S.K.: 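Questions regarding the structure given below will be posed in turn.
Computed over heavy atoms, backbone and side chain alike; hydrogens, waters and symmetry mates excluded. Here, residue 1 is the first one in the sequence, and each next residue gets the next number.
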Amino acid sequence: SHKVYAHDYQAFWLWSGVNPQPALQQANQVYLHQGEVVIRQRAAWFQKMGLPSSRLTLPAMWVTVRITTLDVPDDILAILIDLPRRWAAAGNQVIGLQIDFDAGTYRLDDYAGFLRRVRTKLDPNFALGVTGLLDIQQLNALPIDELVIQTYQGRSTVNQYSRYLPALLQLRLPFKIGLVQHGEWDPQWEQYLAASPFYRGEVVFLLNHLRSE
């Protein structure tokens, strides 16, 4: 029943607006936020954010994009799938594209269709990952290479996150747990989830200091 410290972990999200941290230099993977697809005037719009595509001293990396709507045209999906392409052209080891679903009430059919579309447009050397808030004979049907279950909102672990953990042993795809830096977390859960051959460990969302510090 302790708090999450980066020095105990090896995979991290670096979000827009978050500064790099020494823990990055011990990491095996980084999940680099690059922007969001949002509705502006009843139409989807990509907002590029975060670090510009460039050579940086990072471990193997994902490009992460948050999707707040699944009504997204092919031209924006084309921009999304070019992001890992650009990061790879800059000299980095790029694992693939991670979709961060933050869209609301959709049916799993629609998520599946959206991911099918992305994978069709994504270069086959790139993996396709999903992450989102906690929320199976059809869920393991997701056409994805990695799932990350987030346990936080903002700077805090969600209260009663543990309610969603026991059934993750039924997942049949590589999965991880997303924890916020300095949030509440019981690491006994790690041991529990280690029972599944599909468990791949944790990812820590790094945070800056609050202004009020």
S.K.: Considering non-hydrogen atoms only, spot the tightest contact between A44 and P73 and give its length.
M.R.: CB-CD, 4.0 Å
S.K.: Does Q26 have more than 12 heavy atoms from other residues, nucleotides or ligands lying within 6.0 Å of its CD?
M.R.: yes
S.K.: Below 30° counts as parallel, above 60° as perpendicular, anything between as tilted: where do the rings of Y152 and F205 land?
M.R.: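 The rings of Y152 and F205 sit tilted, inter-plane angle from 30° to 60°.
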S.K.: Would you sort out whether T131 and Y31 count as a side-chain contact (heavy atoms from CB on, under 4.5 Å), showing the intermediate values?
M.R.: CA-CA 11 Å; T131 186; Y31 293 80; over 6 Å; no
S.K.: Atom CD in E184, atom NE2 in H2: separation rounded to 0.5 Å?
M.R.: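 One finds 10.5 Å between CD of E184 and NE2 of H2.
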S.K.: Which label fits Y111 and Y106: parallel for a plane angle under 30°, tilted from 30 to 60°, or perpendicular past 60°?
M.R.: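 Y111 vs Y106 ring planes: perpendicular.
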S.K.: For the residue pair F101 and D135, establish whether any side-chain heavy-atom pair is separated by less than 4.5 Å.
M.R.: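 The answer is no, as the side chains (C-beta and beyond) never meet within the 4.5 Å cut-off.
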S.K.: Indicate if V148 and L169 have the same hydrophobic cluster label, given that clusters are the connected sets of ILVMFWY residues with side-chain heavy-atom separations under 4.5 angstrom.
M.R.: yes
S.K.: Quick check: do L133 and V158 have side-chain heavy atoms less than 4.5 Å from each other?
M.R.: yes
S.K.: Which heavy atom in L168 sits nearest to a heavy atom in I149, and how many Å separate them?
M.R.: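 Minimum heavy-atom separation between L168 and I149: CD1-CD1, 3.7 Å.
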S.K.: Are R117 and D74 close enough for a salt bridge, meaning some N to O gap below 4.0 Å?
M.R.: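 The answer is yes: the pair qualifies as a salt bridge.
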S.K.: Do the side chains of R155 and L210 get nearer than 4.5 Å, heavy atoms only?
M.R.: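 Answer yes - side chains close enough.
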S.K.: In the structure I gave you, are the side-chain heavy atoms of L24 and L58 within less than 4.5 Å of one another anywhere?
M.R.: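 They are in contact (side-chain heavy atoms under 4.5 Å apart), so the answer is yes.
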S.K.: Would you give the length of the straight line joining atom CE of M61 to atom CG of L56, rounded to the nearest 0.5 angstrom?
M.R.: 8.5 Å
S.K.: With heavy-atom distances below 4.5 Å as the criterion, would you say the side chains of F12 and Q21 are in contact?
M.R.: no
S.K.: Between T157 and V180, is the side-chain contact (heavy atoms from CB on, under 4.5 Å) condition met? List the steps.
M.R.: CA-CA 6 Å; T157 301; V180 69; 4.1 Å; yes
S.K.: Return the CG to CD distance between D100 and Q150, rounded to the nearest 0.5 Å.
M.R.: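 Going from CG on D100 over to CD on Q150, the span is 5.0 Å.
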S.K.: Indicate, with yes or no, if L32 and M49 share a hydrophobic cluster defined by side-chain heavy-atom contacts under 4.5 Å among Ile, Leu, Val, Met, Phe, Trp and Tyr.
M.R.: no
S.K.: Report, as yes or no, whether the 6.0 Å neighbourhood of atom CG on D71 holds more than 12 heavy atoms from other residues, nucleotides or ligands.
M.R.: no
S.K.: Counting N and O atoms only, with roles assigned by atom type, does the side chain of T64 sit under 3.5 Å from a partner on the main chain of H33, one being a donor and the other an acceptor?
M.R.: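 No; zero donor-acceptor contacts below 3.5 Å.
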S.K.: Within the 4.5 Å heavy-atom criterion, are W189 and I177 side-chain neighbours or not?
M.R.: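 They are not in contact (no side-chain heavy atoms under 4.5 Å apart), so the answer is no.
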S.K.: Has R119 got a side-chain atom pairing as donor or acceptor with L115's backbone, closer than 3.5 angstrom?
M.R.: no
S.K.: Could you state the interatomic distance from CD (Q47) to CZ (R66), rounded to the nearest 0.5 Å?
M.R.: 11.0 Å
S.K.: Do you know the tightest heavy-atom contact between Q34 and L51?
M.R.: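 That closest heavy-atom pairing would be NE2-O, 2.8 Å.
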S.K.: Taking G178's backbone N and O only, do any of them form a donor-acceptor pair with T151's side chain (distance below 3.5 Å, no angle check)?
M.R.: yes
S.K.: Could you pull out the closest heavy-atom pair between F126 and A88, with the gap in Å?
M.R.: CZ-CB, 4.2 Å
S.K.: Between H7 and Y5, how do the two ring planes meet: parallel, tilted or perpendicular, split at 30° and 60°?
M.R.: parallel
S.K.: Out of curiosity, does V72 fall in the hydrophobic cluster containing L108 (side-chain heavy atoms, cut-off under 4.5 Å, transitive links)?
M.R.: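 Linked within one cluster.
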S.K.: Is the count of non-hydrogen atoms from other residues, nucleotides or ligands lying under 6.0 Å from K3 atom NZ greater than 12?
M.R.: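 Check fails, neighbour count at 12 or below.
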S.K.: Go through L97 and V118 one step at a time and tell me if the side-chain contact (heavy atoms from CB on, under 4.5 Å) criterion holds.
M.R.: CA-CA 9 Å; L97 182 63; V118 174; 3.9 Å; yes
S.K.: Pair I95, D145 - check side-chain contact (heavy atoms from CB on, under 4.5 Å), show working.
M.R.: CA-CA 10 Å; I95 298 164; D145 297 309; over 6 Å; no
S.K.: Does the side chain of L139 reach to within under 4.5 Å of the side chain of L171, using non-hydrogen atoms?
M.R.: yes
S.K.: Does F175 form a ring-ring contact (aromatic ring centres under 6.0 Å, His included) with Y199? I'd like the steps, not just the answer.
M.R.: CA-CA 5 Å; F175 76 104; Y199 190 54; 5.1 Å; yes
S.K.: Any side-chain heavy atom of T69 within less than 4.5 Å of one from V37?
M.R.: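 Yes; the side chains approach each other to less than 4.5 Å.
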S.K.: Quick one: pull up CD1 in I81 and CG in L122 and give me the separation to the nearest 0.5 Å.
M.R.: 6.5 Å
S.K.: Looking only at heavy atoms, what is the nearest atom pair of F46 and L83, with distance?
M.R.: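 Looks like CZ-CD1, 4.0 Å.
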S.K.: Between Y9 and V203 (side chain of the first, backbone of the second, donor and acceptor by atom type, cut-off under 3.5 Å), is there such a pair?
M.R.: no
S.K.: Donor-acceptor check, side chain of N28 to backbone of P59, threshold 3.5 angstrom: yes or no?
M.R.: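 Not at all, since once roles are kept as given, no pair shorter than 3.5 Å links the two residues.
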S.K.: Hey, could you give me the CG/CG distance between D123 and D82, rounded to the nearest 0.5 Å?
M.R.: 8.5 Å
S.K.: Closest heavy-atom contact between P174 and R200?
M.R.: CB-CG, 4.1 Å
